[PDB]
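Protein chains in written order, with this note's numbering: chain C, 65 to 74; chain X, 3 to 29; chain R, 3 to 249. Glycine included, every Cβ here is placed at the ideal spot set by N, Cα and C. Accompanying notes for the structure given below.
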């Protein structure tokens with residue numbers, strides 16, 4: 065998995 | 003700081019499920 | 003973690019996940035102040051496997067629980083300003099002095115799930131670092147040697163006498179390491195495993211009730227093997243170096 069993290073953290 | 007005192011355990015005087023196993027090993 | 007159990011919410015609020023910003027789960031680490039993370043040098047610099055990460059390759063994820071889930075309105079993800087590896091980290095033979103500090107770009111805000119662990123003073127190390135006394139290891143590492151948990155795992159383990167540590171392996175042990183784990187005849191078992199590296203080995207002082215980080219998960223030979231022990235970096239022996247870089 066690994067759910068995506070917001071793009072701000074890049 | 004206020005290090006090593008957990009907000010949901012030590013700060014409320016609540017114990018986690020297995021910390022007594024550590025304290026019992028200290029002698 | 004092998005033969006551990008799910009952590010309770012907020013049980014290890016200093017636990018940090020090292021995450022590649024590319025994503026994969028690189029290692030564990032621990033929160034020691036609002037701007038400094040502690041981890042094993044081998045998580046960042048290991049030439050034999052061509053591993054050499056800089057500040058721009060990584061993210062620190064704090065306040066987690068679930069291993070794969072972004073956890074909003076709970077975790078905090080921070081960028082790194084600078085990495086500092088111990089100058090005498092010996093990756094060529096030993097993993098001697100397996101320690102590194104990571105400075106965050108901005109202070110993290112503490113919460114119910116995010117809070118730092120203390121570092122031991124000489125007296126705390128003297129009273130707690132004794133053969134037989136148990137400490138606790140936490141991490142999202144593999145569950146078996148040869149398989150990944152859904153949530154943060156925890157296991158409590160006894161520190162082993164130095165002669166027993168030395169006789170279980172062919173590797174040269176130094177004064178900057180200690181080993182922990184149950185003996186083959188002890189009934190219980192448990193250990194750190196792949197992915198737990200860099201995380202904290204902590205103990206709770208019976209004197210002032212605070213949690214102290216005594217060790218850093220450093221290396222093992224297999225995971226939970228009979229007659230084998232987990233080896234940890236001795237935080238108190240490297241404390242002057244830590245205080246110097248932080249200043």
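Within the segment 129-144 of chain R, 129, 130, 132, 134, 135, 136, 137 and 138 place their CB atoms closer than 9 Å to a CB of chain X, listed in sequence order. Per DSSP, the beta-bridge partners of residue 215 of chain R are R:204. Cβ-Cβ distances below 6 Å link residue 157 of chain R to 3, 6, 139 and 192 in the same chain, with the five nearest sequence neighbours on each side left out; the list follows chain order. If you check the CB distance, residue 66 of chain R and residue 83 of chain R do not come in under 9 Å. Listed along chain C, the residues sitting closer than 7 Å to residue 70 of chain R by beta-carbon distance are 65, 66 and 67.
Only residues of its own chain outside the window of five on either side were considered, and among them 88 have a CB closer than 7 Å to the CB of residue 243 of chain R, listed in chain order. For residue 124 of chain R, the three-state secondary structure derived from DSSP is helix. Ranked by Cα distance from residue 46 of chain R, the first of R:76, R:57, R:148 and R:162 is R:57. The beta carbon of residue 48 of chain R sits closer than 7 Å to those of 93, all from its chain and outside the five residues before and after it, given in chain order. Taking CB atoms only, residue 196 of chain R has no neighbour in chain C less than 9 Å away.
For residue 136 of chain R, DSSP records a beta bridge to R:160. With contacts defined by Cβ atoms closer than 9 Å, residue 62 of chain R and residue 112 of chain R do not form a contacting pair. DSSP places residue 220 of chain R within a strand segment (E or B) once states are collapsed to three.
In this structure the segment 145-155 of chain R lies against the segment 209-228 of chain R, because at least three pairs of beta carbons, one per stretch, are closer than 8 Å.
Listed along the chain, the chain C residues whose CB falls inside 7 Å of the CB of residue 61 of chain R are 73. Looking only at R:122, R:246, R:248 and R:237, the smallest Cα-Cα distance to residue 6 of chain X is reached by R:122. C-alpha of residue 21 of chain X to C-alpha of residue 153 of chain R: approximately 19 Å in a straight line.
For residue 17 of chain R, the enclosing beta strand (DSSP E) stretches over residues 17-22. Contact between residue 130 of chain R and residue 205 of chain R holds: CB atoms are separated by about 5 Å, below the 8 Å threshold. Distance check between residue 164 of chain R and each of R:91, R:183, R:13 and R:155 places R:183 closest, using alpha-carbon atoms only. At a cut-off of 3 residues, the continuous stretches assigned as beta strand (DSSP E) that sit fully inside the segment 29-61 of chain R are 38-41.
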